[PDB]
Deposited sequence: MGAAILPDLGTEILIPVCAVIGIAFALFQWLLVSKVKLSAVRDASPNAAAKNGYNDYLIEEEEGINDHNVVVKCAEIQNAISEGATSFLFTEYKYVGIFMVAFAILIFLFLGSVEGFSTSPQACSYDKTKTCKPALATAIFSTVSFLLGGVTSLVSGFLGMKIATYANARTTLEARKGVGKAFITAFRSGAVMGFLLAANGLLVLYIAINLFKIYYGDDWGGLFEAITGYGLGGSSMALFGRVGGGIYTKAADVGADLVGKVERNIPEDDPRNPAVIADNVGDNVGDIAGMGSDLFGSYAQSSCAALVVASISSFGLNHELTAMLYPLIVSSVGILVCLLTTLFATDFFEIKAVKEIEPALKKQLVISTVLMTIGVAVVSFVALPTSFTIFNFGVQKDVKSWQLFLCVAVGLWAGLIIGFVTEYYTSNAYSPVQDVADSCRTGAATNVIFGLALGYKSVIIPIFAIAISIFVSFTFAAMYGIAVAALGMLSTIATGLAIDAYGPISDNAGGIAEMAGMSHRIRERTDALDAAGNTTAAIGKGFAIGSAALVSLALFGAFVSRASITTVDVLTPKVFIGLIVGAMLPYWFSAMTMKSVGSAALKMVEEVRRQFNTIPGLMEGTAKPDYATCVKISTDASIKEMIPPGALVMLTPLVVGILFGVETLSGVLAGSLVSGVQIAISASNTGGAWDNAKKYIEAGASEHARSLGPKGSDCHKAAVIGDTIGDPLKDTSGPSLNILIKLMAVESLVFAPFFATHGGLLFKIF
């Protein structure tokens, strides 16, 4: 059944909304350019601009180096996709029976091996463009946020948030436009074979998350080596302020906010967006929508994202035009309003899209059977994902903001030293998982029940339907974080650093919230892909109580720990070398501590550049080799176990790591600000409580910026990778069981 909105309306609506989001982001970049500064007050403006240039050059330099390796890996792995998928029907040029309906004839499997390779490289390139653009705006707006901090918090907040929105709307409108364009290009070849079209398209998400795994790990290693080294020697050993220009690791630290927290994060979320859209597409592909070639209903996920951009645009105005921040206590509530407003507005949006872009009745593929589904049931699938996200944001704020007891109790535990600070921090993180898991389970139950794997996929997209806003609040953070580091390197007034610090602490909470959305959506989308994988691999039942599935389940559950071991050990080893370097400079360069001599920044940049590029590779290998190794040697049943186990296991450590690290940071920020008497009782900066907080903060650095947030990528990447290679695994895999 056709919908109210005709195919031509949809063909127009989607890219119109994208260009709108692009226009809007370009516009926000313009308003941010209204803040003038050059390296030619005035003496302070010149210094800020010199510091920005140092950071901007350091950031661009690292991404270029990083993307070189990753681009090469991108090219190599694309050959593997062509070869393995092409080998399914021996590289035949002949058409064959449809995988989904043996009464019909489909395009040759080799064409699909080729179009998978193309969309993969599309996804890889879009992923790199995402993180790179985000870096460009972030390294542009940081000093602009510092300069506007001379006029109050509100003025600096806007600059930071407008700039976060630039990244938000650019990433979200570009990822949509490319997908839409790819789908229409692909359709030219595939014609009536939508099954093959969208099976090819799923390479897009595989491309996105592949180039994101390396950018999150590599970026995260770079940034945390510097962070730990700068803060330990600077603040704990030498009693100098954070981000002090004497500290040789400060440039690498602040560069690191852009190459990890911004660039890697942008790629990470692009992967999430792309996989969730593609997952929905691949199931609709072989449900009534794709079989009846109903284009509008087929592109329902892209229509939801389209409305999401408009909703997020109106939402953004509330924090950019309609309201101003007068007290620092208004920052976190302002950012949270963004989530609440977008969630409420988008519920209405999805209601409308569900009403105009869907027939009231259709069928959804359900493990070999066309299942009857109503459009109001699909509305609820998108909606549970959307609201689960908001719930996750709220619980995450509660456990990571210093406006509430959990983080204040952690700061408070500093009176008895670093050991109690850490025990309390760990326990907080563990505790934090409870509600998010419950929210995820409710989303799974509701959406699985109504619409099977498609429902779960659109629940994932629901949670990410507000991604422009989500990215905006998140990106706002590292921009504020740089703004404070620049203020201190520029030797500005203490009132400036206090303002940026308030903006920064809100960004800490905000970045934890972003991790929650990433982990929540990854859980949902991976589950949906898992289901699609099982179908595509022609498995009758994934029975937990079979030797093959169970070994996969327990081994898959171990993988997130293995991955965490590597990345933790890497940061630890790199930070250890950074500390030794910072100490060397302080102890051998005369006048450095005195303020007479310049530190050698480039040496610290090198330590974390060398460590990141080298050490990003094994965890990257572990994630990408696991589907291939298990699928080839052990078979699709065992890989099924690996996927379920790594999902339910990886999710727990991801959440606890991110929240623990976030809480330790904000506990530290609490002490540093001294905005209440309790906070003031743990101070001043330099006290034993403050230093204990800093210890916990630096332990949490790799937890929340390297291992923790990369875990969502590990889970969803393996899931999509498994689906893509399912025909190959089902045919040529299971080797060890065929031999013995």
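- Unmodelled regions of the deposited chain, listed from N- to C-terminal end, are 1, 42-66.
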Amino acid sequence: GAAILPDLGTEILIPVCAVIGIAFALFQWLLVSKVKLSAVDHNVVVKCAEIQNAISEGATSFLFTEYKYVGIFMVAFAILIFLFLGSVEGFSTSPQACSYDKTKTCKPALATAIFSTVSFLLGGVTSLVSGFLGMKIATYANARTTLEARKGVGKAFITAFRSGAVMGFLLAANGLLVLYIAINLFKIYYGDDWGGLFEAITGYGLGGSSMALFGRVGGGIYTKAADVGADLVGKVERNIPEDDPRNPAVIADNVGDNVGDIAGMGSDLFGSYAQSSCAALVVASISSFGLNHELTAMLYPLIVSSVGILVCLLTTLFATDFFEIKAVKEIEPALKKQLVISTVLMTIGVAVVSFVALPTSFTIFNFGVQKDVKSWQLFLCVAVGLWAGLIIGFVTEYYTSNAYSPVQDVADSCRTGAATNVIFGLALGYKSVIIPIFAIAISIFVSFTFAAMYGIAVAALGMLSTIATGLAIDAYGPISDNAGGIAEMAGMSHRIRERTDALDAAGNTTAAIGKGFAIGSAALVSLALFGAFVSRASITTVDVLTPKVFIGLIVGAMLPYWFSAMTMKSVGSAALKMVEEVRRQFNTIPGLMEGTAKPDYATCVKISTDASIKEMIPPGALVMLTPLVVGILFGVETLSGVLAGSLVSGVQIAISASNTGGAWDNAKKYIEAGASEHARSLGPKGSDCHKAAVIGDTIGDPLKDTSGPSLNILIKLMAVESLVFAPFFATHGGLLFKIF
From here on, numbers count along this sequence of modelled residues.
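- Looking at mean Cα B-factors across 234-242 and 432-440, the upper value is held by 234-242.
- The mean Cα B-factor in the deposited entry runs higher for 465-473 than for the other of 521-529 and 465-473.
- The PDB entry assigns the greatest CA B-factor among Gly219, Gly591, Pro406, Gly631 to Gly591.
- Between the residues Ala512, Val544, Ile392, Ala602, the entry's highest C-alpha temperature factor is the one at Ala602.
- Split the chain's modelled residues into thirds by C-alpha temperature factor. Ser209 is in the lowest one.
- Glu330 sits in the highest third of its chain by CA B factor, as recorded in the PDB entry.
- Among all modelled residues in this chain, the alpha-carbon of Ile539 has a temperature factor (C-alpha) in the middle third.
- Per the deposited record, the Cα B-factor of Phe729 falls in the middle third when ranked against the other modelled residues of its chain.
- Remark: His690 belongs to the middle third of its chain, ranked by C-alpha B-factor as recorded.
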